Chemist: 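Can you keep this structure in mind? I'll have questions shortly.
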Amino acid sequence: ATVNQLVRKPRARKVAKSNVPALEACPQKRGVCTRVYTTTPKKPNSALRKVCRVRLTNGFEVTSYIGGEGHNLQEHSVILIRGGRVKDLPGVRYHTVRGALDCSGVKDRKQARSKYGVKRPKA
Amino acid sequence: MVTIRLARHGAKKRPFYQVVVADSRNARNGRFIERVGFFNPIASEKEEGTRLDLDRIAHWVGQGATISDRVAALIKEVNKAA
Amino acid sequence: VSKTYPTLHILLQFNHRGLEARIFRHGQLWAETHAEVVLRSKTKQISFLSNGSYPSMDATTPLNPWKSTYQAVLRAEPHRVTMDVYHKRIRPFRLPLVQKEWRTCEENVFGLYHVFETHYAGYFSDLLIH
Amino acid sequence: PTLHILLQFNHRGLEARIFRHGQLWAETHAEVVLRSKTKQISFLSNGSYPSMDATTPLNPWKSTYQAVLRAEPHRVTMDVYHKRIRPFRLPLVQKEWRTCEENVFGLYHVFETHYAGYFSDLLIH
Amino acid sequence: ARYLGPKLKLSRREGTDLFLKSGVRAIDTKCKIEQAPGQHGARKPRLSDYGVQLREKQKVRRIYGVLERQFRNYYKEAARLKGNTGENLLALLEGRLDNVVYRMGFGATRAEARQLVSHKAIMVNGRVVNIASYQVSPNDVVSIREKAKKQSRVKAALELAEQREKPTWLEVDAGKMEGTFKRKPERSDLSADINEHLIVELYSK
RNA sequence: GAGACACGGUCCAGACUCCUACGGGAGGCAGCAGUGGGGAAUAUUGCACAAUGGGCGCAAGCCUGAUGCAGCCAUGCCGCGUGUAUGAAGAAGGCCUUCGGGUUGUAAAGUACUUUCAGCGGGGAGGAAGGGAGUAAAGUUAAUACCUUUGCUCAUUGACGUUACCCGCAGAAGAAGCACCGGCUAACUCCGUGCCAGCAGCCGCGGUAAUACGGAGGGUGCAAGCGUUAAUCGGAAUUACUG
Ligand SMILES: [Mg+2]
Ligand SMILES: [Mg+2]
Ligand SMILES: [Mg+2]
Ligand SMILES: [Mg+2]
Ligand SMILES: [Mg+2]
Ligand SMILES: [Mg+2]
Ligand SMILES: [Mg+2]
Ligand SMILES: [Mg+2]
Ligand SMILES: [Mg+2]
Ligand SMILES: [Mg+2]
Ligand SMILES: [Mg+2]
Ligand SMILES: [Mg+2]
Ligand SMILES: [Mg+2]
Ligand SMILES: [Mg+2]
Ligand SMILES: [Mg+2]
Ligand SMILES: [Mg+2]
Ligand SMILES: [Mg+2]
Ligand SMILES: [Mg+2]
Ligand SMILES: [Mg+2]
Ligand SMILES: [Mg+2]
Ligand SMILES: [Mg+2]
Ligand SMILES: [Mg+2]
Ligand SMILES: [Mg+2]
Ligand SMILES: [Mg+2]
Ligand SMILES: [Mg+2]
Ligand SMILES: [Mg+2]
């Protein structure tokens, strides 16, 4: 409060930790799928969310979400994760980039195609 | 020694030159001592294409500065035209 | 003056698994084929496309994949065949990265493909047709 | 064998201009007056139309198509484009015939037979 | 870079007439000017404060036909110039070349005048200018070059301009097809249905 | 050595790579290109010393991956184009419907025009000042040599470059996508689905009439880009000096 108190101890700030620490300030990271499985969300949601465990090129082992309907991911698949936590899955902080590296785009997707790696349907 | 040469400060295909007094070991567009005018080779008419501070130039020549070849030609233009 | 002849557009993808060719016809995917051609560098890719062969392939690296794409346009003009290959996309008012031509005349798209396949002889498997 | 056919619908009827290696080889005309694309394309698809429109001297309308016929080894195809031929775009109308043709005259016979009864005999230049 | 869609649809949404057609016919004779476009056009919901400023910015952007990046650059220029920022923005839009050509009379619409300018048919001070966003200055003489004086659409656009109101800050000669930009138009010289305070406020969120 | 404890110098040691007749020797791209590797990810082993600048030389000149340019890339900023005017049978088809119609929509077509840019042909600035040959005069000098200085003549000097720009030709031709539409937040309906499949920045949505999921029609916002992710400040007066 007082300025004598400020001269002896200035005001300090909040070193803000990032929610995506395994990206290390990179927009994407490449990793290999250690395991592909399904999890149940927490309340009040009910589903079988598609999820994978990924070992990154920097050695981190993280859990990534697979958005969209259907996927071709197996063990030993080389994917790209981007960042962005799933609200309702505990401990899932990254999204798999559809259409990049091994991961393929969603089928029959006609709207928001660029968010799922789907080519424009020629006709 | 200390020279009086031209530094290329323009855009691509539209060069513009500053006449500077610089130590000769420095880079062309690098460190200099004094700026004593400019030269615009692609200047339009009714526009000042060349302007030289002939009083500071004569001051540096008296102290032993050499003149570049292209600047020695500009001085003959600023004097013959005048 | 129109210059409309038989035409094929061939999307070519080099990747760590090999070389995939997708043949389009009036914008319709008409045929597929694959080749065991693994060549990572652009220089080696362009050398293969021009010469029709390359002596040593690169190693397959499933943990570090890649994908490099070209488009070939084949036209069967009345007296000669042309193929122009562009990196990543058709730029027709700009020159082809690779340009090949043959004196023989083929009337139909099947003859046109035969020219393509014979230049890359021994590499592409038989056509999967739709 | 290949033919490029410039087709002009107008209030006077249907004009066919037949090109061969870029040379105008033949001409013919038909009394086919059909203003709408639907009626035109239906005629083009079916080879006939039951009722023609009435000729209007006061108003002249002109709608142009190009048919390209190719004699592939085991089929003939005829693709007709609105306004102009674009090969990377898809044909507006697609037709196919399970026949072998020896020459351009037979290929015209196929064309003539799809639009049977409409076109007069060829004036050749 | 330009809008190439239906033109009356843009004025049905804005509610008023944007003069996007030559004016040979009454706009009510060509569309439902009172009803917004689309399936849900009859419905007229309430408009929030954000949606009122937005619609006012889209109106001016569509009268002159300027996209968002170039129009945002006008605001920075208008806000930097000394004086009424809301009035500096309408003066910059009124000094465009394709707008001067329309107000003089050489174009039926502003899109038509834009094609005249870009097809090298307009000369400013005796030099052929090609840019629609070219700012015209006071005491500038803009004329139609001799090759284009024979175009029938230039004559047709001059008789339509007689039906409109004459701009005072211009002096056009329909014989020689030349005009003089003598001064920048004041706010009173422009329309009164434009509320430019809404535009200034929208660019300070 | 004026200057270094020296990027393309010397000596010693060390690791690495290479040559050897086994005794011994050679090497240092964080120069420009390029290769391999690492990475989400970042380019051609181009042309020229024409200009500017540097080294050496009396100079001519030689050298210069400095530099000037060329290639590749929507990586950014800025400009332009993808036509203009007319046009109600408010066509067809699509979608919705209270089955009356509504909407897509002057939008299309049709009609009359225009040709930027791209394409083709022709023409054509500036970046060049110098230097070299000649003479004429002046300057010094024994010398009207030589040299220097200053004019005047005669031949020339451009990598870019098929330059910018200008003229001509044909024909609307060669040129629109991306995200969003529960509230925040501009923009709503039908169908599929049934706590599944999925969505999600926050609040939240989905268990049979879902404007929230998926498709469609319509719409809104940006536009040669548009979204997403990462990152910083802002809003945050939420470290407050202002406060
Ligand atoms: Mg969407
Ligand atoms: Mg732009
Ligand atoms: Mg201001
Ligand atoms: Mg020394
Ligand atoms: Mg010594
Ligand atoms: Mg010493
Ligand atoms: Mg040192
Ligand atoms: Mg050294
Ligand atoms: Mg070195
Ligand atoms: Mg290097
Ligand atoms: Mg590499
Ligand atoms: Mg790698
Ligand atoms: Mg390379
Ligand atoms: Mg040089
Ligand atoms: Mg050398
Ligand atoms: Mg660009
Ligand atoms: Mg209907
Ligand atoms: Mg051009
Ligand atoms: Mg020159
Ligand atoms: Mg000059
Ligand atoms: Mg929403
Ligand atoms: Mg709203
Ligand atoms: Mg969503
Ligand atoms: Mg329920
Ligand atoms: Mg439902
Ligand atoms: Mg603060």
Side-chain angles (χ1 to χ4, degrees), chain A residues 3 6 10-14 18 20 23 25-30 44-49 57 67-69 80 82-84 86-88 95 97 100 108-115 120, chain B residues 5-8 12-15 17 24-25 27-29 41-42 68-70 73-74, chain C residues 41 87 92-93, chain D residues 35-39 59-63 83-84, chain E residues 1-2 4-9 13 21-22 24-25 30-31 36-43 47-48 50-51 54-55 58 67-70 73 107-109 111-112 114-121 130-133 148 151-153 156-157:
Chain A
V3 121
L6 295 176
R11 325 216 83 150
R13 297 172 199 93
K14 302 124 177 180
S18 64
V20 279
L23 293 178
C26 297
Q28 299 88 28
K29 275 300 182 179
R30 166 174 55 105
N45 284 10
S46 188
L48 290 167
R49 305 260 178 257
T57 54
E69 283 149 332
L80 209 72
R82 63 168 219 253
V86 174
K87 179 86 196 317
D88 92 335
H95 270 67
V97 179
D108 312 272
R109 204 52 143 79
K110 308 303 175 185
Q111 309 172 22
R113 298 185 333 268
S114 80
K115 291 187 176 183
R120 178 174 161 88
Chain B
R5 57 196 189 188
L6 294 182
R8 196 194 204 273
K12 194 177 72 180
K13 303 285 189 173
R14 299 194 108 247
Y17 294 101
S24 64
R25 293 169 299 186
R28 172 193 69 187
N29 280 16
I42 64 165
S68 178
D69 290 330
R70 188 58 176 269
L74 295 178
Chain C
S41 181
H87 178 237
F93 302 98
Chain D
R35 185 116 62 177
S36 179
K37 296 101 182 55
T38 48
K39 291 184 57 168
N59 188 18
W61 58 272
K62 290 106 60 176
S63 84
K83 288 169 176 307
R84 305 150 175 260
Chain E
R2 300 176 64 251
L4 309 172
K7 299 177 177 58
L8 293 183
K9 179 191 292 185
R13 164 64 66 188
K21 292 206 165 299
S22 55
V24 184
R25 299 241 305 269
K30 302 180 65 63
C31 67
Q39 167 186 347
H40 307 277
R43 308 159 61 260
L47 201 56
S48 58
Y50 163 74
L54 173 71
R55 289 266 65 90
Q58 300 293 331
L67 296 197
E68 179 61 26
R69 173 55 64 95
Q70 197 170 49
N73 288 327
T109 66
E112 166 180 313
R114 196 192 183 110
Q115 188 184 77
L116 280 173
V117 172
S118 66
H119 284 190
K120 297 181 173 183
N130 206 29
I131 299 96
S133 68
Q151 298 193 21
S152 61
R153 67 174 181 177

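Computed from heavy atoms alone, side chains included, the values below leave out hydrogens, waters and symmetry copies. Every chain is numbered from 1, with letters handed out A, B, ... down the list of sequences.
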Chemist: The criterion is salt bridge (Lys or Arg N to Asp or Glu O under 4.0 Å); which residues satisfy it with A:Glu69, sequence neighbours excluded?
Modeler: none
Chemist: Do nucleotides 232-243 of chain F as a string where each nucleotide becomes B, S or -: B if the base has a protein heavy atom under 4.0 Å, S if just the sugar-phosphate does, - if no protein is that close.
Modeler: ------BBBS--
Chemist: Scan nucleotides 214-216 of chain F against the protein and return all N/O pairs shorter than 3.5 Å with their distances rounded to 0.1 Å.
Modeler:
{"unit_1": "F:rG214", "atom_1": "OP1", "unit_2": "A:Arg109", "atom_2": "NH2", "d": "2.7"}
{"unit_1": "F:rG215", "atom_1": "OP1", "unit_2": "A:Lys110", "atom_2": "N", "d": "2.8"}
{"unit_1": "F:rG215", "atom_1": "OP1", "unit_2": "A:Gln111", "atom_2": "N", "d": "2.9"}
{"unit_1": "F:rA216", "atom_1": "OP2", "unit_2": "A:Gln111", "atom_2": "NE2", "d": "2.5"}

Chemist: Please tabulate, one pair per line, each protein N/O and nucleotide N/O from nucleotides 76-80 of chain F that are separated by under 3.5 Å, including the distance.
Modeler:
{"unit_1": "F:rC78", "atom_1": "OP1", "unit_2": "E:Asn73", "atom_2": "ND2", "d": "3.0"}
{"unit_1": "F:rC78", "atom_1": "OP2", "unit_2": "E:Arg69", "atom_2": "NH1", "d": "2.8"}
{"unit_1": "F:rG79", "atom_1": "OP1", "unit_2": "E:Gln70", "atom_2": "NE2", "d": "2.9"}
{"unit_1": "F:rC80", "atom_1": "OP1", "unit_2": "E:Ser133", "atom_2": "OG", "d": "3.2"}
{"unit_1": "F:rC80", "atom_1": "OP2", "unit_2": "E:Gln70", "atom_2": "NE2", "d": "3.3"}

Chemist: Can you sort out the partners of E:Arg55 under side-chain hydrogen bond (donor to acceptor under 3.5 Å, both in side chains), two or more places apart, ordered by chain and number?
Modeler: E:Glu14
Chemist: With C1' as the reference atom in both, quote the distance from F:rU228 to F:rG81 in angstrom, rounded to an integer.
Modeler: 29 Å
Chemist: Need the pair for F:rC203. Rule: Watson-Crick or G-U wobble, both distances under 3.5 Å, any strand; none if unpaired.
Modeler: F:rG182
Chemist: Measuring to OP1 and OP2 of F:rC178, would you say a side-chain N or O of A:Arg120 lies under 4.0 angstrom away?
Modeler: yes
Chemist: Choosing from F:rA223, F:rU84, F:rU189, which nucleotide comes nearest the side chain of E:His40?
Modeler: F:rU189
Chemist: If the cut-off is 4.0 Å, is E:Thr109 near the phosphate of F:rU84, judged by side-chain N/O to OP1 or OP2?
Modeler: no
Chemist: Please tabulate the protein-to-nucleotide N/O contacts below 3.5 Å involving nucleotides 121-123 of chain F, giving atom names and distances.
Modeler:
none

Chemist: What residues, two or more places apart in sequence or in another chain, satisfy side-chain hydrogen bond (donor to acceptor under 3.5 Å, both in side chains) together with B:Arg25?
Modeler: B:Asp23
Chemist: Does a nitrogen or oxygen in the side chain of B:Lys12 sit under 4.0 Å from OP1 or OP2 of F:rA70?
Modeler: yes
Chemist: With sequence neighbours excluded, what pairs up with A:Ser18 under the side-chain hydrogen bond (donor to acceptor under 3.5 Å, both in side chains) test?
Modeler: none
Chemist: Please tell me if B:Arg14 has a side-chain N or O lying less than 4.0 Å from either OP1 or OP2 of F:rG127.
Modeler: no
Chemist: Phosphate oxygens OP1/OP2 of F:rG87: is one of them under 4.0 Å from a side-chain N or O of E:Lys30?
Modeler: yes
Chemist: Write out a two-atom table: protein N or O, nucleotide N or O from nucleotides 202-205 of chain F, distance below 3.5 Å.
Modeler:
{"unit_1": "F:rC202", "atom_1": "OP1", "unit_2": "A:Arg85", "atom_2": "NH2", "d": "3.3"}
{"unit_1": "F:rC203", "atom_1": "OP2", "unit_2": "A:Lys87", "atom_2": "NZ", "d": "3.1"}
{"unit_1": "F:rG204", "atom_1": "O6", "unit_2": "A:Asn45", "atom_2": "ND2", "d": "3.2"}
{"unit_1": "F:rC205", "atom_1": "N4", "unit_2": "A:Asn45", "atom_2": "OD1", "d": "3.2"}
{"unit_1": "F:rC205", "atom_1": "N4", "unit_2": "A:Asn45", "atom_2": "ND2", "d": "3.3"}

Chemist: Restricting to side-chain hydrogen bond (donor to acceptor under 3.5 Å, both in side chains), what partner residues turn up for E:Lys21, sequence neighbours left out?
Modeler: none
Chemist: Using only side-chain N and O atoms of E:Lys21, determine if any of them is under 4.0 Å from OP1 or OP2 of F:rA107.
Modeler: yes
Chemist: For nucleotides 163-167 of chain F, tabulate all protein N/O to nucleotide N/O atom pairs closer than 3.5 Å, reporting atom names and distance.
Modeler:
none

Chemist: Going 5' to 3' along nucleotides 38-57 of chain F, which nucleotides have protein heavy atoms under 4.0 Å from the base (write B), which only from the sugar-phosphate (write S), and which from neither (write -)?
Modeler: -SB---S------SBSS---
Chemist: Sugar at F:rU106: north or south, per the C1'-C2'-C3'-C4' sign?
Modeler: south
